[PDB]
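A.B. asks: Starting off with a structure, shown below.
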Amino acid sequence: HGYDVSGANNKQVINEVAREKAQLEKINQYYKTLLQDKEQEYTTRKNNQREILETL
Amino acid sequence: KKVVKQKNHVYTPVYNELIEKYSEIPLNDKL
């Protein structure tokens, strides 16, 4: 009945990599260590480590 | 006596057809 199969799969692979990108963003969002706005005792130490470290 | 179903009387080229078409199955009754 006719083979006729090409070209309509890169869109599907784009869909798979978009779901992969969403899973990667969920995994990256599962964090407790990176940026999350805290009190001044945390954040001034944070900004100081960034600054002294860019100099380092 | 029995006949031998003599003549249709019109002629044509045979042309067992060259160019082929895809043959979808038309078993689509009511559903």
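Quick note on naming: the chains in the structure tokens go A, B, ... in the order shown, residues restart at 1 in each chain, and ligands are numbered from 1 in order of appearance.
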Starting from chain A, keep only residues with some atom at most 12 Å from an atom of chain B, counting only C-alpha atoms, and report them as a list in words.
C.D. replies: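 That gives the following set of residues: residues 1, 2, 3 and 4 of chain A.
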A.B. asks: Determine which residues of chain A receive a DSSP assignment of alpha helix (DSSP H), computed from the backbone, and state them as a PDB file with C-alpha atoms, in the first residue's frame.
C.D. replies:
```pdb
ATOM      1  CA  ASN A  10      12.464  15.828  12.837  1.00  0.00           C
ATOM      2  CA  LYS A  11       9.446  17.628  14.284  1.00  0.00           C
ATOM      3  CA  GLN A  12       8.867  14.620  16.523  1.00  0.00           C
ATOM      4  CA  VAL A  13      12.524  14.569  17.584  1.00  0.00           C
ATOM      5  CA  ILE A  14      12.151  18.294  18.341  1.00  0.00           C
ATOM      6  CA  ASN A  15       9.199  17.339  20.552  1.00  0.00           C
ATOM      7  CA  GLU A  16      11.283  14.697  22.330  1.00  0.00           C
ATOM      8  CA  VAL A  17      14.117  17.132  22.950  1.00  0.00           C
ATOM      9  CA  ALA A  18      11.620  19.718  24.203  1.00  0.00           C
ATOM     10  CA  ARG A  19      10.284  17.230  26.752  1.00  0.00           C
ATOM     11  CA  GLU A  20      13.937  16.470  27.545  1.00  0.00           C
ATOM     12  CA  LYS A  21      14.573  20.188  28.058  1.00  0.00           C
ATOM     13  CA  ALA A  22      11.579  20.383  30.391  1.00  0.00           C
ATOM     14  CA  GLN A  23      12.877  17.425  32.414  1.00  0.00           C
ATOM     15  CA  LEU A  24      16.305  19.058  32.595  1.00  0.00           C
ATOM     16  CA  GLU A  25      14.761  22.306  33.810  1.00  0.00           C
ATOM     17  CA  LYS A  26      12.834  20.385  36.474  1.00  0.00           C
ATOM     18  CA  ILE A  27      16.032  18.624  37.572  1.00  0.00           C
ATOM     19  CA  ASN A  28      17.866  21.959  37.687  1.00  0.00           C
ATOM     20  CA  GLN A  29      14.989  23.500  39.627  1.00  0.00           C
ATOM     21  CA  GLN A  40      21.127  39.774  54.956  1.00  0.00           C
ATOM     22  CA  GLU A  41      23.563  37.613  56.938  1.00  0.00           C
ATOM     23  CA  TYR A  42      23.495  35.054  54.137  1.00  0.00           C
ATOM     24  CA  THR A  43      23.372  37.469  51.226  1.00  0.00           C
ATOM     25  CA  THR A  44      26.191  39.822  52.247  1.00  0.00           C
ATOM     26  CA  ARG A  45      28.473  36.839  52.762  1.00  0.00           C
ATOM     27  CA  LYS A  46      27.302  35.599  49.339  1.00  0.00           C
ATOM     28  CA  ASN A  47      28.037  38.875  47.552  1.00  0.00           C
ATOM     29  CA  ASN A  48      31.410  39.079  49.291  1.00  0.00           C
ATOM     30  CA  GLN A  49      32.339  35.572  48.135  1.00  0.00           C
ATOM     31  CA  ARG A  50      31.373  36.474  44.570  1.00  0.00           C
ATOM     32  CA  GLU A  51      33.440  39.671  44.638  1.00  0.00           C
ATOM     33  CA  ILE A  52      36.560  38.358  46.415  1.00  0.00           C
ATOM     34  CA  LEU A  53      36.375  35.292  44.194  1.00  0.00           C
ATOM     35  CA  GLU A  54      36.181  37.193  40.926  1.00  0.00           C
ATOM     36  CA  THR A  55      39.318  38.958  42.132  1.00  0.00           C
TER      37      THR A  55
END
```
